[PDB]
Amino acid sequence: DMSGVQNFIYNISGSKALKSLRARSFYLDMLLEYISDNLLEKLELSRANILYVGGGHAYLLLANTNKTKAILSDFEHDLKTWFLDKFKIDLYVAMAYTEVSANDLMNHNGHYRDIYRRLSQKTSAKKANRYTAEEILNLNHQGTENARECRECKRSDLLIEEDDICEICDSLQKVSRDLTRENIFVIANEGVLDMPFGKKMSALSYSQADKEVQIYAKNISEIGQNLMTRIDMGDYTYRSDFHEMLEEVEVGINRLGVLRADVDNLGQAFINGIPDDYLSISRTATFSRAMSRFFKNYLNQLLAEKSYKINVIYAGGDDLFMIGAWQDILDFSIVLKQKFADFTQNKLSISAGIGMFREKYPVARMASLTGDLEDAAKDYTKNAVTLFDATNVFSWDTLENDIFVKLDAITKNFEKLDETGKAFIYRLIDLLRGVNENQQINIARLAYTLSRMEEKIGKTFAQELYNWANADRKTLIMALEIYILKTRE
Amino acid sequence: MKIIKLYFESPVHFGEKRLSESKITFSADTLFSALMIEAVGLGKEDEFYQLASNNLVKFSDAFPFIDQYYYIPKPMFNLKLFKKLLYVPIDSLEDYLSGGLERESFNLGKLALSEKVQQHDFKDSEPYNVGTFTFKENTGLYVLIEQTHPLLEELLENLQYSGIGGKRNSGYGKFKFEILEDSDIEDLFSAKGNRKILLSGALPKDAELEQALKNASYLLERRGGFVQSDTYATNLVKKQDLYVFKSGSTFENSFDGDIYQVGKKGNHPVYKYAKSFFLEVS
Amino acid sequence: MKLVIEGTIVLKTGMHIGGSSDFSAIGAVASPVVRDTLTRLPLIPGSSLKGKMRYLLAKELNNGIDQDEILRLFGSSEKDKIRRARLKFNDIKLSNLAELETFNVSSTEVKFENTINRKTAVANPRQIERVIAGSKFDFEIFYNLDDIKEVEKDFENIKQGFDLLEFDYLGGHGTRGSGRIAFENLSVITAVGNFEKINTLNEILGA
Amino acid sequence: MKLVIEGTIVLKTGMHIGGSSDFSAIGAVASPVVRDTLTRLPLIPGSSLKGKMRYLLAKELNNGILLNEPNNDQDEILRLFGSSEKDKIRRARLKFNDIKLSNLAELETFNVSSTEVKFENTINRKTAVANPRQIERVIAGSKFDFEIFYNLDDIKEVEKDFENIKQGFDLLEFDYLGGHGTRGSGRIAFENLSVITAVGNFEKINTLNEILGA
Amino acid sequence: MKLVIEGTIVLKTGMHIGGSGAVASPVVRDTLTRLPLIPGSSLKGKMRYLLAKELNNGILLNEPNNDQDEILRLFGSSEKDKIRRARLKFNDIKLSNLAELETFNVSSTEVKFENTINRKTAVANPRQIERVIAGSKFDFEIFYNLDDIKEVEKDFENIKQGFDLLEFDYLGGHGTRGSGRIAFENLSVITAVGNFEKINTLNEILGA
């Protein structure tokens, strides 16, 4: 159970911190992959003993022997020491285990929920008492005084002598420069990205992989002879540089759009979503594999189908984070909800939050307040989307049906075009917001105003627009807002 | 035991590693450093450190308050059987612990971001951005003290017209303070209990750390930064990183911390208040 | 040994300081002004007032050659020169909004400007939010008194910065109309520490 | 050290600057002038006056045409009105202020409003019918007391700069200020043109005040 | 370089410009001094109509943006590409000779009474028309800015053509029914700042 993963990915202080988010998310995911695979190597177990290696956590089934517990204690101590010696408090892996039996696995006497209940209890107990006394003493003993600090990750240890930059953070910069749509990843003694246990990772492609080594590929070419392990993540990037892809779009405002979503109640549907009479270890395995398979593989293929201007930072049910052109974020959110509902047969709900920002907005504040619009959507954990602000909370069906037929109608009949007709559009938007400040003298003014503004657009007003503008609908002002945001310089 | 309610008249900035990011409240390190700077302004830092080291003044981290309701961080209890909850009121802790008990929403204000530039005459100007936090109209922060001293009040009044937090000379941080001795909070603090909740960013000394970590649910917090003075080392320099427990932590054994020295290679010492402040519950 | 200088910034012409990107209302094609985030009322940042006073004071001084008057009044952090600033500026919010509600008028306006191309004789309009003229901003700036032998020269420089700013603008498109201010009710009261010559500062700033 | 040039823009004919289609139900009058939002006075913006002086001065230093970008003006125009290039960026020596109507008392003395409405046709040569249009204008004879801040940073250029400033005012004497000026309106004239110093007396202020008051 | 063309508009008959107390159909006046006024829009529009109709093959039916190059360069344009700045610059013209009119002990304007005798009724339904009186004079000046040395001769020929075209037509109001007849006199051209080389030829092709 890796802790502080969002704090590792989004809390980076760089001016060019947007180019390293995929590198940091990749680093954490493949870090957990290699840690689990290394433990399975130490226990002489196959990779079939991974039930789920996911975003931030892994689950292993392994034998209840004293030799196994000895290897587990040594592995936990070495992993803890390596994580302290690189990421002081900012990253922690909690290795907790419980004793389960075969009648307990088979749900013969109940207790199959109790496996993961005991495991979550022991993992939270390990997270509560994170360190020992000696580790805290060595943390406080290594503090020095120095007049230097990294630009991005802002630590003063492991700085390079030639430039004020943390070594691991610079290695993330290098691998961000060397991450493509086809790069496989190789872990060996020499490499770019520092890893346990005395190994480093290069992210090299492709003929340099003729090299002792473990090779991690997103997609495998040949199964048998080529002999590498297939590890998938939601690594869709459109252009891997935000200024150029923001300069590519030309119709709307030049703002960056952030989508943060999660499935509603992973934990509840994961421990007590299945009925008790159908519980099995294989059914938990196939549910976890189905959800991860959807998010990673299917989200990559839907994004590559219609080439959206979207960079994916994190993919998974528990947390999702994509960023790109805000028009393509708004276009892909509805099709993400639709295809998730097609995958899960409407048995699971997804709550999203959109946010629009400049490119030079701070990335940590960006992710943090996109997450606070996320929890504003989760207040309403239902079908809910917050469109760029915490007060503009909709549902998915309202957004889909009402907002898109309203936007299509507005883009149809508002494309006359006219020059002062746009001034009329902003005028009516501002006074609809003025009566949205809840004064009915303003709606008396608007009753006077409709008599002024029948003839400005012509006769296309009094078929659908007047029925939407009956009593200051929030749907109409949001559709007009996204229309005038989609139509600028 | 007394209170120091801080009613703010301005946006604050209480950054953690940033200028662009801020938190809703500050800690005992920052208030001790601010009072020490106001003591060296009026030449009483030898008296103030001798008061603070001998436990004549003992103040917690600053904590939120909305209308007649004093808040503390959600204590990390290691109970067996509200993840978005972060602050539970201090009086409601007994019936928060006795069952799964949400009565009213917690709203203090909201964060902001100021957009500023560094203007140049014959060059393109440099944008930068300061993350702030504006309190609501009848909210603020409070600090718990006991056995108050006239030096503490003099230093607080001097800090009142100087600023708390970061970017204080550039528009932020002004407040007013009031003592307002309460009866319910002091009766809540005088009562003993089997389990004690930490309330300041403390770190036990090296001969009591093992005793402190017995049945403990803690969270370490890196508390460092740059030295703010003029007479230290004739250039900007980062103090020693000190990892203290976070203020919401909860312990079985008691301890008293220390005012650790994080600056040694300079003309004057630099101190870090990691003394312990506890609240007993059952 | 810690002083308070109180006053009011009235606006002879409108003012366009700053801009929020908080999605408050960025739909309207008009560059917005900085406002308080919980009242949404117009705001003069303390950094803007501080920086424009520093700019005009460091340009009126330092001619033909910054000097230690500017650094001791506004703070500095160089490789060898580090000084604490003596002035503590605060963010200034709108004062006479009840007086602005007697006239049934908003706290802020919008100003239209074209740009006539000389080649093609065509205008593209643009809009600017301005806080209107007749707005008043009650400010207080805190001075701490490290040395009595420099306080009178410091206050002479502060009044020099104030009337130098009264012959310039405060942020935004000031060459093309806006930004003009006028400082009034400038007075000094000591906050903590009784200062024996306070009336001389009250007359060198209140003149 | 900074100089102030104060004068008066008197309207020889009507003048129509500016307009926002106000949300109040004013009735059956359209196209209002830009007004001061608090004191309800009609206003001459400093942006309009600055742009028209810059165009007429850049046009006057001519032989040939004026067709360029404002940043690629003549170097005297760039040193008077400012330029913003990537490297050759010059601070503007002039600071304009928004000018509001001064002699409201004198317009009230003759018992007449501060702004009026002029009705105006456009007869289409096919149909020969007229469509009347209300254009709100400011009454001629209204006076607008302006002040422009001149910051002086080179003594060896101030005489040429004030020569160019007086030439720009003279070029506005034979052109219009804002609005439908070719159809009659907009004609202005500059009166009481004088220069004073903000703080600290300029030694050679007499030649500026005599080539500005010529 | 800029030129000023100055003259006088003397009213041979009555005139009545404009409209919109307790009386019917007032004239458009000065708003401060209450002087009767020729709007420069009206003089420019009537001059543009007559000059565009004479600088054409007889009649004029199209929009003012679609005129000849001489007319469009003399009076301005508004196209998406072919936008031109006007060389003429007309002004509102107030009544000059209140001294001459006040000498004759007559008001500057007077009220004209006239009926509409319906044919099947033979009854009067009278109406009042305010008219500024005949013999009134209107000193004008139009600012001509010089952009082409090789076109000022043709521009001034067209300006004199517009002047003596307006001498044989009326100026605003009920013109065919008696009102509006003007005549131009004291026509001259002067230079604004810095003398033009060929000013004598303009004074003799405009002083004829």
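Brief remarks follow.
To keep things simple, chains are lettered A, B, C, D and E as they appear, and every chain counts its residues starting from 1.
Everything below uses one rule, namely that contacts are C-beta pairs under 8 Å (C-beta built on N, C-alpha and C of every residue); 3 or more make two chains touch, one makes a residue touch a chain.
Protein names from UniProt, one per chain: B = CRISPR system Cms protein Csm4; C, D, E = CRISPR system Cms endoribonuclease Csm3.
The minimum number of touch steps linking chain A to chain E comes to 2. Here the chain at the heart of the structure, going by C-alpha means, is C. Chain D and chain E have Cα centroids lying 27 Å from one another. In terms of their C-alpha centroids, the spacing between chain C and chain E amounts to 53 Å. Chain centres here are Cα means. That of chain B falls 81 Å from that of chain E.
Residues of chain B in contact with at least two other chains: 113, 235-236.
Looking at chain A, no residue sits in touch with two or more other chains. Chain pairs that touch one another, listed by label: A-B, A-C, A-D, B-C, B-D, C-D, C-E, D-E.
The touching residues of chain D, counted against chain A in their complex, run 21, 23, 25. Residues of chain A touching chain C in their complex: 355-358, 361, 388-389, 426, 429-430, 433, 481, 484-485, 488. On chain A, the positions that touch chain D within their shared complex are 423, 427, 431, 445, 448.
Residue ranges of chain D in contact with chain C, taken from their complex: 1-2, 4, 18-20, 34, 36-39, 45-47, 50-51, 55, 58, 66-70, 81-82, 92, 94-98, 149, 198-199.
Residue ranges on chain D touching chain B, taken from their complex, read 86, 89, 91.
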